[PDB]
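Trainee: Starting off with a structure, shown below.
Number of protein chains: 6
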Amino acid sequence: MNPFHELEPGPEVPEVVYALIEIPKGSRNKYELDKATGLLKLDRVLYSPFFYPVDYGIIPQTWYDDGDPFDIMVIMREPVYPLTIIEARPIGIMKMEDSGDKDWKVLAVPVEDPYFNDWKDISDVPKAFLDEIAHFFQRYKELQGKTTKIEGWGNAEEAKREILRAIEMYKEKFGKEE
Amino acid sequence: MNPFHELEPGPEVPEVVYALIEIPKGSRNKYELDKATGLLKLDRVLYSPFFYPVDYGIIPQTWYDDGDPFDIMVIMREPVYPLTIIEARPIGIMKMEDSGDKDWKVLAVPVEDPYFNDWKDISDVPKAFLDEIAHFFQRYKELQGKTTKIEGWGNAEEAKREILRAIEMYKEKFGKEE
Amino acid sequence: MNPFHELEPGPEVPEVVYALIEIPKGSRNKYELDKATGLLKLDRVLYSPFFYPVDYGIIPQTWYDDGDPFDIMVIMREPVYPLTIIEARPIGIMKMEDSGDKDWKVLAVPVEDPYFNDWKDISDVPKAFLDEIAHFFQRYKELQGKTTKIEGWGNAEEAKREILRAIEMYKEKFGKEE
Amino acid sequence: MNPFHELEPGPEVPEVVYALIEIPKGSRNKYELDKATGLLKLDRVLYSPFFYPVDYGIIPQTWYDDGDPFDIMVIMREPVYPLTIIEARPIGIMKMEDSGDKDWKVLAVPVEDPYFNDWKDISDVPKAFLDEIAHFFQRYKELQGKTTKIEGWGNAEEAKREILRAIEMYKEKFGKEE
Amino acid sequence: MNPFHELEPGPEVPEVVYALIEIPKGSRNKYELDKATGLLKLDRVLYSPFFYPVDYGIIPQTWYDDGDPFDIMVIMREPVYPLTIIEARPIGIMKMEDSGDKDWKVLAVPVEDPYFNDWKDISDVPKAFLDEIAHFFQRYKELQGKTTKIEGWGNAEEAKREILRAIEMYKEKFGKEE
Amino acid sequence: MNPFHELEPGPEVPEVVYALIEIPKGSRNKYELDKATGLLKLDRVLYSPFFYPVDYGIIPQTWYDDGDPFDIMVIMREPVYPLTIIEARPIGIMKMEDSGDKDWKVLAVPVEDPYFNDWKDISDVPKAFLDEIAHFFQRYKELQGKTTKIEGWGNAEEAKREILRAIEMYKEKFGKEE
Ligand SMILES: [Cl-]
Ligand SMILES: [Cl-]
Ligand SMILES: [Cl-]
Ligand SMILES: [Cl-]
Ligand SMILES: [Cl-]
Ligand SMILES: [Cl-]
Ligand SMILES: [Mg+2]
Ligand SMILES: [Mg+2]
Ligand SMILES: [Mg+2]
Ligand SMILES: [Mg+2]
Ligand SMILES: [Mg+2]
Ligand SMILES: [Mg+2]
Ligand SMILES: [Mg+2]
Ligand SMILES: [Mg+2]
Ligand SMILES: [Mg+2]
Ligand SMILES: [Mg+2]
Ligand SMILES: [Mg+2]
Ligand SMILES: [Mg+2]
Ligand SMILES: [Mg+2]
Ligand SMILES: [Mg+2]
Ligand SMILES: [Mg+2]
Ligand SMILES: [Mg+2]
Ligand SMILES: [Mg+2]
Ligand SMILES: [Mg+2]
Ligand SMILES: [Mg+2]
Ligand SMILES: [Mg+2]
Ligand SMILES: [Mg+2]
Ligand SMILES: [Mg+2]
Ligand SMILES: [Mg+2]
Ligand SMILES: [Mg+2]
């Protein structure tokens with residue numbers, strides 16, 4: 001079953017969502033789910049020797065301003081394999097514009113890693129880690145000649161509100177589309 | 001096609017079965033196949049810095065007392081990726097109770113690694129390796145507060161008999177269920 | 001969707017094809033797509049301590065003389081995961097006979113790694129790298145007692161012509177078959 | 001120069017010490033510095049499929065009740081190679097008895113990873129992480145038949161006091177010894 | 001023996017030098033040789049999720065404007081371990097200022113990897129690879145608040161001339177110093 | 001201290017020797033100890049996509065017909081780092097001629113991995129594993145144009161006798177040499 005159309009957004013939306021991981025932490029290959037088929041696809045190789053600082057993917061049954069599912073970043077100690085489902089607790093949101101599109105990204109922790117039990121909001125994350133994530137998104141497209149802008153971070157409530165918006169964007173798109 | 005409902009238990013049951021691997025040797029992440037969809041899911045992160053000592057997964061079209069497919073452990077030199085099918089020869093069985101449920105696990109070797117050609121029964125395995133596997137299952141849930149009990153090991157015949165039982169448990173469950 | 005029947009051979013055949021990777025560079029496990037189901041399967045473990053020198057897989061909706069999809073070798077800096085789709089530019093072809101069957105293999109580079117932007121034909125590849133690939137295929141089955149013969153390399157035009165042949169072999173097989 | 005006799009305990013003892021790492025996080029091999037020569041030696045392979053949860057090593061020019069240098073555990077995101085020096089800030093201490101010997105171990109963070117800038121005492125560490133470390137030391141020798149006892153954790157002051165003791169134990173031993 | 005004072009700069013200076021690697025390609029940890037002792041030391045963890053794109057280290061018995069040995073970058077397919085000696089052929093030089101100091105870095109290939117046999121000058125390197133290296137050095141200190149400037153690349157002759165300068169800087173420093 | 005001149009051949013020669021590992025299992029880089037300095041050096045990159053099937057190194061204070069220390073192969077489950085000392089039990093010997101020189105290699109197991117407790121002679125090793133090792137040494141230099149010949153395997157007694165010969169070759173060489 002298609003993990004973008006056929007998985008729900010989460011088991012307890014918006015406090016607990018499913019993250020479908022595309023890119024394990026540590027990868028330079030920018031994988032994306034193929035919308036037509038369900039398979040993992042190489043979108044491109046990053047043009048700089050940078051690596052994704054988080055397990056990176058989508059919330060199923062969401063849509064967003066960049067014409068793709070809403071993006072989620074899960075902090076995993078051991079990275080997962082692509083196309084793994086993680087039950088994830090949103091704790092904040094990175095406010096990014098990407099090539100002119102709103103392209104904000106939920107920051108979340110795995111519900112079922114007790115290391116993160118006390119991580120509940122954006123203030124629980126080491127400041128240098130938030131900075132490292134923002135800096136990656138600030139610079140990783142510089143050699144492609146594409147502009148990104150990072151505004152800062154929102155808290156868990158702002159993240160949850162954005163998840164609800166993205167869920168409605170999917171309904172609107174694929175009530176008529178798929 | 002669903003690798004739990006749509007793969008057969010094996011090509012020459014019970015002497016050769018299919019193992020659908022969920023967890024590569026060396027992982028601390030406890031992946032499981034999602035029964036509803038077919039996708040890999042993070043069930044939890046082990047609560048201790050322990051790693052699966054075997055490639056760990058299921059026999060398709062089986063069921064078992066813990067309310068999930070029957071568990072199989074494949075000794076792979078190079079671990080496989082999750083959701084890989086391995087043709088596996090049962091050589092023994094670990095007798096485990098897990099949280100009060102019978103939860104025995106086949107020990108098997110890959111048919112198509114010649115390293116293991118002479119591994120045919122539980123006496124062919126290094127004793128310290130059997131001990132390491134049992135000890136993992138004895139201790140890996142201690143910080144979750146869940147009880148496990150390891151009784152010892154059975155031989156290849158006992159493993160094969162248990163495979164036949166698990167195959168019938170699936171028929172009984174999913175002749176009415178799925 | 002089945003990535004062998006349900007993916008097209010490519011977006012701009014034969015100059016740009018899809019490669020569906022089975023084996024990441026660096027693996028000793030010989031994975032293959034299961035034709036019946038779509039899942040990754042362990043075909044065998046190489047009998048020697050050799051590793052695939054390329055990301056290795058198939059072109060979807062192709063067939064070939066060895067009774068399987070046409071083989072493609074993609075030069076990836078960071079290997080991909082099995083069952084990843086790569087948009088690939090053919091640059092040459094390895095002329096191999098395998099156990100008596102024609103079993104030539106496209107050599108390609110990822111379109112979306114700028115490292116390879118100037119790799120367009122077989123003369124762009126380091127000679128020692130072509131030699132390493134040929135030598136692997138020359139020797140990797142010696143302990144299985146199976147014969148392989150490597151004739152040399154063809155250029156990108158010869159590769160493209162062979163892709164068109166393999167695409168027609170699939171139509172012929174699965175217009176009546178699947 | 002010998003990194004046990006010829007490195008000082010630290011640049012600002014006891015608030016900043018040198019950790020000479022023997023074992024990278026994730027290893028099952030229990031490496032130790034060879035006291036006679038300075039080289040890394042395999043002391044043993046852990047008897048269970050457990051891995052060191054921390055970068056593990058010694059403080060130079062220390063001695064301790066188990067007849068070896070005082071042990072230190074450094075929390076590194078990317079593990080270091082054996083025999084690497086890390087400038088480390090003690091934040092707490094694990095109170096362990098090992099085979100009847102006092103064998104407490106400093107817990108420290110790297111001074112020069114900004115991720116850890118706000119980690120200054122034992123209360124800054126996720127509780128589940130302290131539990132995972134203690135559990136490892138509680139169980140990792142069970143198959144060797146050797147007893148360990150973990151009493152709990154002390155704070156950074158208690159750790160610093162123990163570092164000063166271990167430094168004096170070295171002076172006493174190797175004022176007459178080496 | 002100290003691999004900075006006791007190794008020569010090379011076997012056929014300046015056409016073939018020794019590179020003493022500190023940092024394997026793919027590392028985020030910035031290791032440096034400890035000048036006082038000879039041991040590997042963690043200088044810092046990069047503040048961004050970037051990795052060294054090359055095997056990175058020093059030419060022995062050199063000195064440079066940043067108060068440390070002259071830097072060399074070796075293109076290794078399989079990264080080496082820290083403190084490994086590589087016989088390296090200079091092919092070009094990255095013109096970098098680092099925090100106000102001249103801090104140029106030789107780009108070299110291993111003499112004894114035949115993959116690189118035809119890499120002899122800066123024009124032999126893929127343009128995107130030179131860009132990736134420069135971009136790393138342009139951005140990797142942005143979160144430390146330290147300025148770097150990359151001027152571009154020089155050819156193999158310019159690299160060789162700079163090696164000869166750095167060799168004389170060591171003689172001048174350590175004819176009086178060490 | 002130099003781990004070739006300053007380590008003894010073993011603690012209980014010839015039944016237990018020291019192996020000083022140069023090459024971890026899985027490496028394509030052929031590292032060797034530098035005789036002049038003690039440091040690890042890249043001797044060459046293998047010309048084929050083959051990997052060392054064993055942890056590979058030397059017995060200290062030995063010499064041999066190829067003008068270097070006597071070679072030893074240690075079967076490690078988790079490979080060690082270069083320049084690690086392993087206490088090793090010889091179980092057999094590979095009879096190799098390399099470029100015209102006798103170049104036999106001890107096969108050994110780690111004393112302190114209980115997995116190998118019952119491995120005491122060449123008959124204890126899986127036949128396919130001996131074949132894989134021999135095949136590697138048969139083929140790995142084919143692209144260098146250098147001849148190797150593998151005669152077969154000797155048992156543990158023959159290995160032990162060869163260790164005693166190699167120890168005397170060192171005395172003869174470095175009673176006058178070093
Ligand atoms: Cl992205
Ligand atoms: Cl389990
Ligand atoms: Cl193949
Ligand atoms: Cl320990
Ligand atoms: Cl640098
Ligand atoms: Cl060799
Ligand atoms: Mg995108
Ligand atoms: Mg996205
Ligand atoms: Mg975007
Ligand atoms: Mg997006
Ligand atoms: Mg379960
Ligand atoms: Mg299970
Ligand atoms: Mg269970
Ligand atoms: Mg179970
Ligand atoms: Mg095949
Ligand atoms: Mg094929
Ligand atoms: Mg073939
Ligand atoms: Mg084929
Ligand atoms: Mg000890
Ligand atoms: Mg210790
Ligand atoms: Mg101890
Ligand atoms: Mg101790
Ligand atoms: Mg520096
Ligand atoms: Mg430097
Ligand atoms: Mg600098
Ligand atoms: Mg510098
Ligand atoms: Mg040699
Ligand atoms: Mg040797
Ligand atoms: Mg040799
Ligand atoms: Mg030799």
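Protein chains in written order, with the authors' numbering: chain A, 1 to 178; chain B, 1 to 178; chain C, 1 to 178; chain D, 1 to 178; chain E, 1 to 178; chain F, 1 to 178. Using N, Cα and C, we set each Cβ at its ideal position, and we do this for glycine too.
Residue 56(C) and residue 21(C): beta carbons closer than 8 Å?
Mentor: The answer is yes: Cβ separation under 8 Å.
Trainee: For residue 32(F), verify whether its CB is less than 7 Å away from any heavy atom of ligand 28.
Mentor: Yes - ligand 28 has a heavy atom lying nearer than 7 Å to the Cβ of residue 32(F).
Trainee: Alpha carbon to alpha carbon, how far is residue 141(E) from residue 134(F)? Give it in angstroms, no decimals.
Mentor: Residue 134(F) and residue 141(E): Cα-Cα distance of roughly 49 Å.
Trainee: Please write down, chain order preserved, every residue whose beta carbon lies under 5 Å from a heavy atom of ligand 26.
Mentor: My final list is 66(E), 71(E) and 103(E).
Trainee: Let's see if you can read the secondary structure: which residues bound the alpha helix (DSSP H) around residue 91(F)?
Mentor: First-last for residue 91(F): 84-98, but that is the beta strand (DSSP E), not the alpha helix (DSSP H).
Trainee: Measuring CB atoms only, is the region 68-88 of chain D touching the region 144-156 of chain D, in the sense that at least three cross pairs come out at less than 8 Å?
Mentor: No, the region 68-88 of chain D does not touch the region 144-156 of chain D.
Trainee: How would you list, in chain order, the residues of chain E whose beta-carbon sits under 8 Å from the beta-carbon of residue 118(C)?
Mentor: Within 8 Å Cβ-Cβ: 126 and 127.
Trainee: Under 7 Å: does the beta carbon of residue 68(C) sit that close to some heavy atom of ligand 15?
Mentor: It does: the Cβ of residue 68(C) is within 7 Å (strictly closer) of some heavy atom of ligand 15.
Trainee: Could you confirm whether any beta carbon from chain B is found closer than 8 Å to the beta carbon of residue 7(A)?
Mentor: Taking Cβ atoms only, chain B reaches closer than 8 Å to residue 7(A), which makes this a yes.
Trainee: Cα separation between residue 157(F) and residue 67(F)?
Mentor: Those two C-alpha atoms are separated by around 24 Å.
Trainee: Using the beta-carbon of each residue, which ones in chain E are nearer than 7 Å to residue 83(D)?
Mentor: Under the 7 Å cutoff, chain E gives 39 and 40.
Trainee: Please determine whether the Cβ atom of residue 56(A) lies at a distance below 7 Å from any heavy atom of ligand 30.
Mentor: No - ligand 30 has no heavy atom lying nearer than 7 Å to the Cβ of residue 56(A).
Trainee: Given residue 193(F), which residues of its chain have a CB within under 7 Å of its CB, disregarding the five upstream and five downstream residues?
Mentor: Missing from the structure shown is residue 193(F); chain F here goes from 1 to 178 and no further.
Trainee: Under 7 Å from any heavy atom of ligand 11, does the C-beta of residue 121(A) make it?
Mentor: Answer for residue 121(A): no, Cβ out of range of ligand 11.
Trainee: Here's the rule I'm using: 16 or more other beta-carbon atoms within 10 Å means buried, otherwise exposed. How should residue 99(C) be labelled?
Mentor: When all chains shown are included, residue 99(C) counts as exposed.
Trainee: Quick one: using the 10 Å Cβ neighbour count with 16 as the cut-off for buried, is residue 7(F) buried or exposed?
Mentor: Buried, since its Cβ has 16 or more Cβ neighbours within 10 Å.
Trainee: Is there at least one Cβ from chain D nearer than 8 Å to residue 3(A)'s Cβ?
Mentor: Chain D, which has no Cβ nearer than 8 Å to the Cβ of residue 3(A), makes this no.
Trainee: Just the C-alpha distance for residue 5(C) and residue 46(A), rounded to the nearest angstrom, thanks.
Mentor: Going by the C-alpha atoms only, they are around 30 Å apart.
Trainee: What residues from chain A crowd round residue 131(E), counting only those whose CB sits closer than 9 Å?
Mentor: By Cβ distance, chain A contributes 47, 48 and 143.
Trainee: Nearest to residue 102(D) by alpha carbon, out of 40(D), 74(D), 63(D) and 144(D)?
Mentor: With distances taken between Cα atoms, residue 102(D) lies closest to 63(D).
Trainee: With DSSP run on the structure shown, which of helix, strand or coil describes residue 124(F)?
Mentor: Residue state, collapsed to three classes: helix.
Trainee: Tell me the rounded alpha-carbon separation between residue 19(C) and residue 24(B).
Mentor: Spanning the two alpha carbons is a distance of roughly 25 Å.
Trainee: Kindly indicate which residue of 12(B), 107(B) and 97(B) has the alpha-carbon position closest to the one of residue 58(B).
Mentor: Here the closest residue by C-alpha is 107(B).
Trainee: Taking buried to mean at least 16 other C-beta atoms within 10 Å of its own C-beta, is residue 171(A) buried or exposed?
Mentor: Exposed, because fewer than 16 other Cβ atoms sit within 10 Å of the Cβ of residue 171(A).
Trainee: Name the two residues that bound the continuous alpha helix (DSSP H) containing residue 44(A).
Mentor: Element bounds for residue 44(A): not the alpha helix (DSSP H) but the beta strand (DSSP E), 40-45.
Trainee: Counting C-beta neighbours from all protein chains within 10 Å, is the total for residue 146(D) 16 or more, i.e. buried, or is it exposed?
Mentor: Classification of residue 146(D): exposed, given that the 10 Å Cβ count is below 16.
Trainee: Would you say the beta carbon of residue 43(C) is closer than 7 Å to some non-hydrogen atom of ligand 17?
Mentor: No, ligand 17 has no heavy atom inside 7 Å of this Cβ.
Trainee: Use the C-beta contact count for residue 10(B): other C-beta atoms within 10 angstroms, 16 or more gives buried, fewer gives exposed.
Mentor: Per the 10 Å Cβ criterion, buried.
Trainee: Since residue 137(C) and residue 50(C) are thought to touch, with beta carbons under 8 Å apart, how far apart are those beta carbons, to the nearest angstrom?
Mentor: The Cβ separation is near 10 Å, so there is no contact.
Trainee: Just to make sure I have the definition right: I need the residues of chain F whose C-beta is within less than 7 Å of the C-beta of residue 115(B). Which are they?
Mentor: Within chain F, the residues near residue 115(B) are 126, 128 and 129.
Trainee: For residue 71(B), does the three-state DSSP call read helix, strand or coil?
Mentor: Here residue 71(B) sits in strand by DSSP.
Trainee: Exposed or buried, residue 48(D), counting other C-beta atoms within 10 Å across all chains shown (16 or more means buried)?
Mentor: Classification for residue 48(D): buried.
Trainee: Take residue 130(E) and list the residues in its own chain whose beta-carbon comes closer than 7 Å to its own, dropping the five residues that flank it on each side.
Mentor: If we look at residue 130(E) and ignore the five residues flanking it on each side, its Cβ neighbours are 153.
Trainee: At which residues does the alpha helix (DSSP H) containing residue 166(C) begin and terminate?
Mentor: Counting along the chain, the alpha helix (DSSP H) containing residue 166(C) begins and ends at 156-176.
Trainee: Buried or exposed, going by whether 16 or more other CB atoms sit within 10 Å of the CB of residue 38(D)?
Mentor: The residue is buried, with at least 16 neighbouring Cβ atoms inside 10 Å.
Trainee: In the DSSP output, what is residue 179(A) paired with across the bridge?
Mentor: Any answer about residue 179(A) is impossible in this case: the structure gives chain A only from 1 up to 178.
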